[PDB]
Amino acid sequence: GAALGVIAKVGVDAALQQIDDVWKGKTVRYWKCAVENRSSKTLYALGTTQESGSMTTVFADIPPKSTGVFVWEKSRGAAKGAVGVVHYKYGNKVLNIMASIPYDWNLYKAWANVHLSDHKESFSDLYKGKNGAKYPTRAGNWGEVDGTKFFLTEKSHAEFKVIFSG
């Protein structure tokens, strides 16, 4: 499963562990992600909004009771962060997840956010708390928006965990 981007049965912690065997990477800022689908519907992979860098691994649909796994990396050679929004379809709704790992930790902090709405949300609206999104959650803290729980480690080489239940 890990090589396909999606693992059955396991939750976020176990899924994160399986990433290293199937991903290398050579950038100094990244976030590994696990999206645990405890809902009743498949989360269909819908897109990404690249603020800095990209999703560099396979992007899979997540059936109920599976966990999607992937990595977001800064661009090779950039002194920029790993910063992106990942979108899934949930019925006709859109699940938006965001994590932001800076290059310059002297100037910036690390942040995450989640928002289920009718559309793909911009990075800016997820970082500002606009258009219905909440103010973002600082790394190192459990967040919960509309019953979706999430956590981003405060690391250059981070882990972003999302548990979605509908």
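From 1 onward, residues are counted along the sequence shown.
Taking the PDB entry as given, 22 to 30 carries the higher mean Cα B factor of the two stretches 22 to 30 and 118 to 126. With 90 to 98 and 74 to 82 compared on mean CA B-factor from the PDB entry, the stretch scoring higher is 74 to 82. Among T49, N37, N106, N113, the highest C-alpha B-factor in the deposited entry belongs to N106. Highest C-alpha temperature factor among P136, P63, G140, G132 per the entry: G132.
Sorting the modelled residues of the chain by their CA temperature factor places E154 in the middle third.
Sorting the modelled residues of the chain by their CA temperature factor places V145 in the lowest third.
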